[PDB]
């Protein structure tokens, strides 16, 4: 409606790309970057985007230190670049 899947994906990459190795972001960091004035409605779209990038092996999503699916996980999660050797 207001943000494309592609836009959300590019924003996840852009925010992660700007951070240190092993750093992470949260879904609100993405939602605020695309829609600063009204980010809460982007929360589920941002989880879907993270899920797609996780499926592609580009990022991992974690909750309480454990790798999780952002589409299934309840409450606050972290998003990080995959760093598997």
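Residue numbers count along the first chain shown, from 1.
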Can you tell me which of 26, 34, 49, 59 has the maximum CA B-factor listed in the PDB entry? 34
Third assignment of residue 54 from its chain's C-alpha B-factors: lowest
Lowest, middle or highest third: where is residue 67 by Cα B-factor in its chain? lowest
Once the chain's modelled residues are ordered by C-alpha B factor and cut into thirds, is residue 77 in the lowest, middle or highest one? lowest
